[PDB]
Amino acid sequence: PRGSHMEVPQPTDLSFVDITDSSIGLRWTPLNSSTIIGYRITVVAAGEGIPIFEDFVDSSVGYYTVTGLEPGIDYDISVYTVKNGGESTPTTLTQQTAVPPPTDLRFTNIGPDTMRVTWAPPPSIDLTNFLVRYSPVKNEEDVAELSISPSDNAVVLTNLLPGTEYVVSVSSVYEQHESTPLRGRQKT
């Protein structure tokens, strides 16, 4: 088959960085095979079959990018070492672009048992909702939850206990997938 040889090693140390705004960066360490032609990289969502993406770089390149990925969906990335119409077996790994969390959580005690909580939503994403979780700092198991409109950047928590500290987390939710929690704590 491929015959003429000293096999074509694949690369190693495949690395993937994401979020930062839909941009996935893929980097790796050069293969061993002497006189390489370049690399071929594919990114494919882990499900249906049409959305595969491909890019090809030169031998002197060790990274490449893919844009506008879907938040919360798993992608498999494969890098092949290329040598004039000859390719190595690929190295691969999976990546799940994070759902952008909200930012800058602010507390405003508006009553002895009431507090207003506001935040800045993640720009450029049509969220399903924000999920608010809160509980006393001494009993995180007495957590309470609230599902807030994606167009809403605030919520009033009521019926809180006097002289009590609460832990409040706000999470973006996009098709069942939550962002890391935006967390803060305040005392009534």
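Residue positions are given as counts along the sequence shown, with the first one as 1.
Regarding 104-112 and 91-99, which shows the higher C-alpha temperature factor on average in the entry? Higher mean C-alpha B-factor in the PDB entry: 104-112.
Report the stretch with the higher mean CA temperature factor, choosing between 166-174 and 13-21 on the basis of the entry. That would be 13-21.
Maximum C-alpha temperature factor, selected from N129, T42, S135, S59: Each of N129, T42, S135, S59 was compared by C-alpha B-factor; the highest is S59.
Looking at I37, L146, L160, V156, which has the biggest Cα B factor in the entry? If I rank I37, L146, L160, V156 by C-alpha B-factor, first place goes to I37.
Third of the chain's Cα B-factor distribution that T188 belongs to, per the entry: For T188, the deposited C-alpha B-factor lands in the lowest third.
Which third of the chain does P123 land in by C-alpha B-factor: lowest, middle or highest? It belongs to the middle third of the chain when residues are ordered by C-alpha B-factor.
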